[PDB]
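K.L.:
Take this structure, written in structure tokens, and hold onto it; I'll ask about it next.
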Amino acid sequence: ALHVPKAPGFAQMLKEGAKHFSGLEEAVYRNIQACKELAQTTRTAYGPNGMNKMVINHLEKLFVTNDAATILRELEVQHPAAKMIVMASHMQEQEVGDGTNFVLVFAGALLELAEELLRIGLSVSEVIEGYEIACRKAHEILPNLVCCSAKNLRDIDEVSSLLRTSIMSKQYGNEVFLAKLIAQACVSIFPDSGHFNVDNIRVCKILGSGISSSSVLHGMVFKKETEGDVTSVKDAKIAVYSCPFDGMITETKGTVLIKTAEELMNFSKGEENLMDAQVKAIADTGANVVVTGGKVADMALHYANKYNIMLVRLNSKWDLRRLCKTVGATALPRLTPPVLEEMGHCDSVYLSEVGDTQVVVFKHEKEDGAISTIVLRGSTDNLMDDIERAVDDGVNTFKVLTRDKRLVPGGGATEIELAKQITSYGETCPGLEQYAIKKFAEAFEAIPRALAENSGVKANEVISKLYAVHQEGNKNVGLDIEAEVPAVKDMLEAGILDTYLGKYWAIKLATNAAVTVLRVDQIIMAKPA
Amino acid sequence: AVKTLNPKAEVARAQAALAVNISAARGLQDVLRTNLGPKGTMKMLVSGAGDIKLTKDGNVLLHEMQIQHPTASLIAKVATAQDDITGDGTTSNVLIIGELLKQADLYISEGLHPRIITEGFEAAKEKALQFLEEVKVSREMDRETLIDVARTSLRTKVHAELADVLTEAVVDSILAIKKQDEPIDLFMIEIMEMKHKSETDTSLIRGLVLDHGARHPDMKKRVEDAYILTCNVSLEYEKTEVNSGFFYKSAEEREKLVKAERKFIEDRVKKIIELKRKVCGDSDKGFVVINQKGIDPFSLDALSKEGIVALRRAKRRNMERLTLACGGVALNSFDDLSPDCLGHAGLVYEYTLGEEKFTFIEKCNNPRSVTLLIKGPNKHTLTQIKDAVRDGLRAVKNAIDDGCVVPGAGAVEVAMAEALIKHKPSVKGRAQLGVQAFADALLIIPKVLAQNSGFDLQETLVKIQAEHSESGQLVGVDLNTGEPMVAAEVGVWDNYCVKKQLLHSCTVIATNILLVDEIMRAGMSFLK
Amino acid sequence: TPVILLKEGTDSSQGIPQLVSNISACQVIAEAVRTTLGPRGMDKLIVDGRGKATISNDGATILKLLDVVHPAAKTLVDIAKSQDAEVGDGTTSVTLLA
Amino acid sequence: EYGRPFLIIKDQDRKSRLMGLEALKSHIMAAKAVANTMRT
Ligand SMILES: Nc1ncnc2c1ncn2[C@@H]1O[C@H](COP(=O)(O)OP(=O)(O)O)[C@@H](O)[C@H]1O
Ligand SMILES: Nc1ncnc2c1ncn2[C@@H]1O[C@H](COP(=O)(O)OP(=O)(O)O)[C@@H](O)[C@H]1O
Ligand SMILES: [Mg+2]
Ligand SMILES: [Mg+2]
Ligand SMILES: [Mg+2]
């Protein structure tokens with residue numbers, strides 16, 4: 001038989017292993033297919049009824065999770081368009097901290113509809129301009145849907161109710177307990193005239209009993225042991241050092257040079273006397289506990305035991321700073337008797353044991369403090385990891401509420417209203433860009449549908465009833481999860497809400513990613529290495 | 001001939017070498033022709049590691065496509081040389097080279113020697129340069145003309161909404177760092193990028209942004225009225241150049257030597273503290289130290305106990321920029337420290353972004369150095385914006401450096417072609433044919449533009465040539481109606497040095513390619 | 001099909017069959033230690049790669065020495081370890097119960 | 001749902017097992033052999 005040799009020009013100068021795709025049929029449609037596959041991968045984990053997923057990475061580590069960002073991080077994607085979608089989702093996670101699945105669902109829907117718009121006859125530029133016009137209109141419409149702005153962010157009973165919705169979709173069936181725990185921990189440290197910093201909430205995981213035995217502590221817990229023979233204090237003055245608890249020496253090489261016998265006899269006694277004087281001078285200021293970030297010498301430990309000083313060491317360079325913030329102490333690079341202003345104060349310091357784990361606890365009787373800790377108890381490491389992820393989501397929700405106080409209804413009410421008003425706007429646009437606009441509105445129906453598909457009901461009836469009830473003027477009506485037959489419910493009365501800022505950023509980033517993917521026309525790929 | 005000496009050699013003789021060169025040039029232009037104009041399409045490039053790059057630049061596309069050809073290497077080097085001097089015009093270069101070679105081959109395939117076409121090329125080049133010397137427009141170079149030039153050069157890289165944002169920043173920075181002499185010096189405009197807050201937030205700052213902050217927890221995060229000290233003296237532990245060691249007798253001597261080995265740096269820290277106390281008596285103003293060398297935790301502690309913000313290991317070039325912005329003196333020693341050496345800054349503050357820290361110095365009196373702060377949600381977005389910013393800055397600088405600007409959209413090419421057609425009767429011999437070829441090549445710029453807008457090449461070109469023949473106005477293509485338009489009135493402007501350099505380079509490289517007799521690979525296969 | 005979504009060699013299973021398979025594997029794990037319960041319980045002997053042997057009646061030890069790699073089955077080992085850590089007795093009743 | 005061969009134990013295809021009286025009986029045999037070496 002015969003062969004089709006090659007085409008002259010660029011096809012003959014291309015290296016071996018490289019690829020070149022050009023045109024709509026070889027570039028655009030294949031990208032749309034890849035994005036659709038990526039969206040279908042994570043669609044099933046949306047909402048309170050979304051099911052858990054289990055992933056094993058290339059190092060044989062195990063993840064059991066519902067969060068979309070973690071799932072995308074643990075997978076190994078190869079197609080560039082899916083990489084753009086993943087990067088958009090990660091940017092949304094970094095900017096806000098919740099709503100990394102709305103991005104994927106919306107972008108997939110937008111590209112899926114753009115495929116048929118291109119099939120019918122429209123050009124890519126018109127689709128793009130319609131999408132931008134619709135996005136601007138949606139951002140204009142959104143502020144009018146806001147209801148129930150947050151009133152007081154230092155009231156425990158209101159904060160507990162505001163954070164319940166963000167955790168219900170991760171730990172359905174345990175939302176009240178975790179919500180109350182996170183509310184206490186967050187209300188503890190919010191400072192007046194204060195930026196709320198997220199770092200100041202710490203999580204400690206100890207294997208043991210069920211989740212319901214978890215607790216919150218106003219202070220710190222370290223998984224360490226005491227170096228000395230004193231074990232507890234009842235009123236602690238704390239001195240913190242970043243240098244080793246030992247006799248300090250020259251930076252340049254130094255040798256002890258002796259010429260007579262008497263110096264040889266007296267050297268060790270001189271060193272011991274100096275070390276004793278230093279320890280006694282430190283102790284005379286009233287410090288009961290010394291915390292260091294380096295080595296402790298044997299003689300220094302012996303003299304600390306002589307004068308009843310609790311000695312703890314930890315080597316992280318970051319736990320030391322956080323402890324200094326917790327107790328109000330200032331680190332010292334020298335081994336000198338500290339001044340009163342550099343004293344830390346703690347109500348209790350003690351060594352305890354929880355379920356085979358030995359810990360050292362710095363505990364305050366104060367209600368505010370500077371940082372706080374959450375102690376989690378579970379029967380499996382994966383469960384505690386999932387609970388930690390839920391805690392992070394709740395804390396980020398509190399931070400966003402600090403930034404902006406406005407809430408919008410959830411459960412699909414906002415998306416239905418946006419789609420209705422965008423369709424109404426698009427019916428009055430004369431030109432070819434109206435079709436694109438209408439498609440944009442239809443892309444908002446993928447959010448309620450998914451919910452219904454996860455709840456085990458028929459999405460078409462739910463969407464029809466939502467449209468029918470929104471035609472009458474009820475803007476706060478969404479899907480009812482408890483019912484086994486399709487139904488609708490008032491979300492404002494039932495307290496299902498979500499932040500304005502999250503929805504704003506989600507819409508923006510999803511539209512940006514979809515348009516960026518649509519703009520690419522031809523692809524040149526090097527050979528994988 | 002060489003085969004009898006080196007059996008492994010590869011050769012291409014007279015009629016085959018020309019075919020190889022022409023084929024490769026056409027292959028390159030067939031790919032690079034889809035970039036020209038604001039209606040060009042965007043390319044995605046993925047390397048072996050898996051990183052993504054979206055681009056439309058000619059130079060980037062040339063240097064990131066997988067190609068192994070000799071004449072392709074020649075053309076890539078020519079494009080790089082053009083880019084490094086002018087910064088704009090790396091696609092038209094390739095297009096014109098390819099079309100010139102194709103037109104020359106059209107006549108060579110009929111039995112004509114290439115030297116005739118070469119002589120025609122030279123004569124046509126001289127005539128075209130003379131014509132371009134009289135088409136140009138000289139102006140005052142006010143802010144509005146520079147706005148037009150920068151916008152024209154920027155709409156071909158990004159969409160309109162972002163171009164309207166980048167134009168103001170580019171023009172404002174170039175005007176801000178300019179003196180009425182002493183030609184414009186870049187490197188006084190620092191490009192910094194932060195990955196957040198979608199790219200419509202790209203901005204210009206009349207100060208500096210430094211990608212590092214204060215390393216002590218007890219330093220103030222915001223300073224309202226600050227003196228700026230800029231130095232490169234070291235506050236780290238330093239040792240003698242000659243070998244040395246300590247020889248003590250007991251513990252007390254060891255302690256004495258330990259405290260003795262720090263005075264050489266404690267003296268410098270005390271000098272700084274004394275100067276700060278002398279100048280900032282009451283605790284109302286601020287004091288900020290920017291150092292190019294390291295600082296110990298001991299020196300950091302000593303400085304922070306007084307209320308000093310200190311940064312270590314700033315980049316070398318900043319040593320100049322701060323001096324031009326804050327207005328002090330960058331000093332290497334502390335033996336003459338006085339209040340003239342200090343600069344002034346009206347706001348100093350810090351911003352934390354994830355794992356990174358940034359420091360903003362703002363509200364200077366008359367800063368001669370400014371910063372372009374890029375923002376966006378991805379990395380390829382920032383890279384593309386950076387390339388666009390480079391193009392715009394080079395365009396504005398070239399506009400100011402010359403006293404003239406040239407109308408665009410293809411008007412000058414049509415004018416040159418029409419002027420060249422009436423010049424060829426004068427010359428003698430077959431060289432006229434070569435002149436003809438040159439003229440046709442100059443029409444590759446309008447044609448492609450029309451073909452990128454969805455029109456037909458020939459009828460639109462005929463419409464364009466219908467004008468400029470009865471009304472001598474410089475007319476070009478209108479990329480949304482296809483009708484002729486007066487380029488100058490609309491606001492489409494092109495640089496003069498770019499066109500001159502482009503003509504010179506294209507003619508030289510095409511002439512040198514057309515005279516190659518045979519291609520040889522007879523040396524050592526590898527240098528091993 | 002020209003360019004695939006995930007890396008070659010990624011294995012995926014979903015639906016009722018994978019849940020039924022997980023339930024099936026848990027039965028094998030529970031059967032491993034089933035007959036060591038009560039006043040009339042035997043004990044097991046396990047040999048490792050080097051040749052050393054270990055004879056035990058404690059459920060947590062036996063589950064530890066088995067090189068289980070099934071992701072659904074590792075949970076039963078984890079709960080046995082947790083029970084051993086917390087109370088110290090009853091590390092076989094929990095496995096049979098689950 | 002076709003419970004096709006699924007992996008539970010590492011190196012499942014090479015490891016062996018003995019359960020019940022047979023295992024017990026094997027032990028006895030070994031012991032007897034050792035004793036019958038020392039009896040003389
Ligand atoms: N009680 C509830 N009833 C119905 N829908 C809910 C309820 N609580 C939360 N949701 C919905 O869950 C959706 C998001 O869940 P989640 O899986 O966290 O997605 P994402 O991670 O993208 O926010 C929200 O759109 C919200 O409307
Ligand atoms: N608005 C416009 N209308 C018509 N032509 C334009 C317009 N903007 C730019 N051009 C033309 O585009 C050409 C430059 O295209 P560009 O893609 O920037 O590549 P390069 O500048 O590297 O050759 C110029 O010749 C200019 O005449
Ligand atoms: Mg969510
Ligand atoms: Mg350009
Ligand atoms: Mg028991």
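Residues are referred to by chain and number: the chain letter is A, B, ... according to the order shown in the structure tokens, the number counts from 1 in that chain, and ligands are numbered separately from 1 in the order shown.
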Pick out the residues no farther than 9 Å from ligand 2, counting only C-alpha atoms and all ligand atoms, and list them as an MDAnalysis selection string.
P.N.:
chainID B and resid 34:40 56:59 87:93 95 151:157 407:411 445:446 449 476:480 487 490:494
K.L.:
As a PyMOL selection string, please: every protein or nucleic acid residue near ligand 3 (cut-off 7 Å, counting only C-alpha atoms and all ligand atoms).
P.N.:
chain A and resi 98-101+166+169
K.L.:
Please give me, as a count of residues only, the residues lying within 10 Å of ligand 5 when counting only C-alpha atoms and all ligand atoms.
P.N.:
13
K.L.:
Excluding residue 69 (chain C) and residues on its chain fewer than 6 positions from it, collect all residues at most 12 Å away from it, counting only C-alpha atoms, and give them as a list in words.
P.N.:
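Near residue 69 (chain C), the qualifying residues are residues 56, 60, 61 and 62 of chain A; 25, 29, 63, 75, 76 and 77 of chain C; 6, 7, 8, 9, 10, 11 and 12 of chain D.
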K.L.:
Please produce a file of those selected residues containing C-alpha atoms, as a PDB file, in the first residue's frame.
P.N.:
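What follows is the written file out.pdb:
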ATOM      1  CA  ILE A  56      -4.626   7.637  47.285  1.00  0.00           C
ATOM      2  CA  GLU A  60       0.444   5.787  49.175  1.00  0.00           C
ATOM      3  CA  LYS A  61      -1.167   8.336  51.510  1.00  0.00           C
ATOM      4  CA  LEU A  62      -4.910   8.152  52.144  1.00  0.00           C
TER       5      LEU A  62
ATOM      6  CA  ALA C  25     -13.167  -6.927  52.595  1.00  0.00           C
ATOM      7  CA  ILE C  29     -10.451  -8.604  58.234  1.00  0.00           C
ATOM      8  CA  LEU C  63      -3.992  -6.773  63.102  1.00  0.00           C
ATOM      9  CA  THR C  75     -10.223   1.489  59.206  1.00  0.00           C
ATOM     10  CA  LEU C  76     -10.749  -1.655  61.278  1.00  0.00           C
ATOM     11  CA  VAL C  77      -7.047  -1.665  62.161  1.00  0.00           C
TER      12      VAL C  77
ATOM     13  CA  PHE D   6      -9.194  -7.914  45.186  1.00  0.00           C
ATOM     14  CA  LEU D   7      -6.075  -7.243  47.241  1.00  0.00           C
ATOM     15  CA  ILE D   8      -6.163  -7.257  51.048  1.00  0.00           C
ATOM     16  CA  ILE D   9      -2.690  -8.358  52.177  1.00  0.00           C
ATOM     17  CA  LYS D  10       0.608  -7.285  50.655  1.00  0.00           C
ATOM     18  CA  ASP D  11       2.221 -10.125  48.679  1.00  0.00           C
ATOM     19  CA  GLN D  12      -1.038 -12.063  48.958  1.00  0.00           C
TER      20      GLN D  12
END
K.L.:
When you get a sec, could you note down which chain C residues fall within 10 Å of chain A, using only C-alpha atoms, as a list in words?
P.N.:
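Residues satisfying the distance criterion: residues 1, 2, 3, 4, 5, 6, 7, 8, 10, 12, 14, 69, 71, 72, 74, 75, 76, 77, 78, 79, 80, 81, 82, 83, 84, 85, 86, 87 and 88 of chain C.
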K.L.:
So, counting only C-alpha atoms and all ligand atoms, which residue among B:9, B:228, B:524, B:150 is closest to ligand 4?
P.N.:
B:150
K.L.:
Using only C-alpha atoms and all ligand atoms, find each residue with an atom at most 6 Å away from ligand 1 and format the answer as a list in words.
P.N.:
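The neighbouring residues of ligand 1 are, in order, residues 46, 47, 48, 98, 99, 100, 101, 102, 165, 168, 169, 410, 411, 412, 479, 481 and 496 of chain A.
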K.L.:
Next, dump the selected residues to file, keeping only N, CA, C and O atoms, as an mmCIF file, in the first residue's frame.
P.N.:
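The result, stored in result16.cif:
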data_model
loop_
_atom_site.group_PDB
_atom_site.id
_atom_site.type_symbol
_atom_site.label_atom_id
_atom_site.label_comp_id
_atom_site.auth_asym_id
_atom_site.auth_seq_id
_atom_site.Cartn_x
_atom_site.Cartn_y
_atom_site.Cartn_z
ATOM 1 N N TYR A 46 -21.417 17.719 46.122
ATOM 2 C CA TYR A 46 -21.953 19.059 46.323
ATOM 3 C C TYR A 46 -23.145 19.003 47.270
ATOM 4 O O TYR A 46 -24.062 18.201 47.070
ATOM 5 N N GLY A 47 -23.133 19.853 48.291
ATOM 6 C CA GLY A 47 -24.273 20.009 49.160
ATOM 7 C C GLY A 47 -24.186 19.180 50.422
ATOM 8 O O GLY A 47 -23.231 18.430 50.638
ATOM 9 N N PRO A 48 -25.187 19.318 51.294
ATOM 10 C CA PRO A 48 -25.206 18.503 52.519
ATOM 11 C C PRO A 48 -25.252 17.010 52.255
ATOM 12 O O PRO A 48 -24.706 16.230 53.043
ATOM 13 N N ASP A 98 -14.046 29.452 50.862
ATOM 14 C CA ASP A 98 -15.189 28.564 50.727
ATOM 15 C C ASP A 98 -15.856 28.847 49.392
ATOM 16 O O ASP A 98 -15.958 30.003 48.979
ATOM 17 N N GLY A 99 -16.304 27.790 48.724
ATOM 18 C CA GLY A 99 -16.936 27.942 47.431
ATOM 19 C C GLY A 99 -16.024 27.569 46.284
ATOM 20 O O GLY A 99 -16.020 28.235 45.247
ATOM 21 N N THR A 100 -15.244 26.508 46.459
ATOM 22 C CA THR A 100 -14.347 26.033 45.417
ATOM 23 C C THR A 100 -15.001 25.027 44.481
ATOM 24 O O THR A 100 -14.362 24.597 43.518
ATOM 25 N N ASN A 101 -16.246 24.636 44.746
ATOM 26 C CA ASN A 101 -16.994 23.734 43.881
ATOM 27 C C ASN A 101 -17.987 24.468 42.993
ATOM 28 O O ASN A 101 -18.255 24.021 41.868
ATOM 29 N N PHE A 102 -18.537 25.578 43.486
ATOM 30 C CA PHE A 102 -19.354 26.451 42.655
ATOM 31 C C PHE A 102 -18.584 26.887 41.418
ATOM 32 O O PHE A 102 -19.144 26.960 40.320
ATOM 33 N N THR A 165 -24.398 27.066 58.712
ATOM 34 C CA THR A 165 -24.640 26.721 57.315
ATOM 35 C C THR A 165 -23.358 26.292 56.612
ATOM 36 O O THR A 165 -23.381 25.409 55.748
ATOM 37 N N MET A 168 -22.705 22.659 57.842
ATOM 38 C CA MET A 168 -23.727 21.669 57.516
ATOM 39 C C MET A 168 -23.396 20.903 56.243
ATOM 40 O O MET A 168 -23.756 19.728 56.117
ATOM 41 N N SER A 169 -22.714 21.538 55.296
ATOM 42 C CA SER A 169 -22.398 20.902 54.026
ATOM 43 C C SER A 169 -21.134 20.055 54.076
ATOM 44 O O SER A 169 -20.770 19.461 53.057
ATOM 45 N N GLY A 410 -29.560 30.996 50.645
ATOM 46 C CA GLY A 410 -28.882 29.864 50.050
ATOM 47 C C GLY A 410 -29.837 28.774 49.620
ATOM 48 O O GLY A 410 -31.055 28.962 49.657
ATOM 49 N N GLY A 411 -29.301 27.628 49.215
ATOM 50 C CA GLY A 411 -30.148 26.547 48.759
ATOM 51 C C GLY A 411 -30.687 26.714 47.360
ATOM 52 O O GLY A 411 -31.630 26.016 46.985
ATOM 53 N N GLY A 412 -30.115 27.621 46.572
ATOM 54 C CA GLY A 412 -30.519 27.807 45.198
ATOM 55 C C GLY A 412 -31.461 28.961 44.940
ATOM 56 O O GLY A 412 -31.807 29.202 43.779
ATOM 57 N N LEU A 479 -34.658 24.949 47.894
ATOM 58 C CA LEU A 479 -34.921 23.521 47.971
ATOM 59 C C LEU A 479 -35.044 23.057 49.418
ATOM 60 O O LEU A 479 -34.333 23.529 50.308
ATOM 61 N N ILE A 481 -34.542 19.960 51.868
ATOM 62 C CA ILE A 481 -33.757 18.733 51.907
ATOM 63 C C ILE A 481 -34.450 17.622 52.697
ATOM 64 O O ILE A 481 -34.365 16.450 52.316
ATOM 65 N N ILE A 496 -30.893 29.477 56.430
ATOM 66 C CA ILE A 496 -29.891 28.998 55.485
ATOM 67 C C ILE A 496 -29.379 30.193 54.693
ATOM 68 O O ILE A 496 -30.100 30.755 53.863
#
K.L.:
Just the helix (DSSP H, G or I) stuff from chain D, please, per backbone DSSP, written as a list in words.
P.N.:
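Filtering chain D down to helix (DSSP H, G or I) leaves residues 21, 22, 23, 24, 25, 26, 27, 28, 29, 30, 31, 32, 33, 34, 35, 36, 37 and 38 of chain D.
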K.L.:
Using only C-alpha atoms, which chain C residues lie at most 6 Å away from chain D, written as a PyMOL selection string?
P.N.:
chain C and resi 17+67-70
K.L.:
Suppose we keep C-alpha atoms; can you now write the selection as an mmCIF file, in the first residue's frame?
P.N.:
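The resulting file, out07.cif, is shown below:
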data_model
loop_
_atom_site.group_PDB
_atom_site.id
_atom_site.type_symbol
_atom_site.label_atom_id
_atom_site.label_comp_id
_atom_site.auth_asym_id
_atom_site.auth_seq_id
_atom_site.Cartn_x
_atom_site.Cartn_y
_atom_site.Cartn_z
ATOM 1 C CA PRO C 17 -20.227 -2.477 43.498
ATOM 2 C CA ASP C 67 0.215 -6.183 56.048
ATOM 3 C CA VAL C 68 -3.233 -4.887 55.155
ATOM 4 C CA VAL C 69 -3.291 -2.572 52.134
ATOM 5 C CA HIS C 70 -7.030 -2.333 51.385
#
K.L.:
What is the CA of residue 142 (chain B) to CA of residue 176 (chain B) distance in Å?
P.N.:
13.3 Å
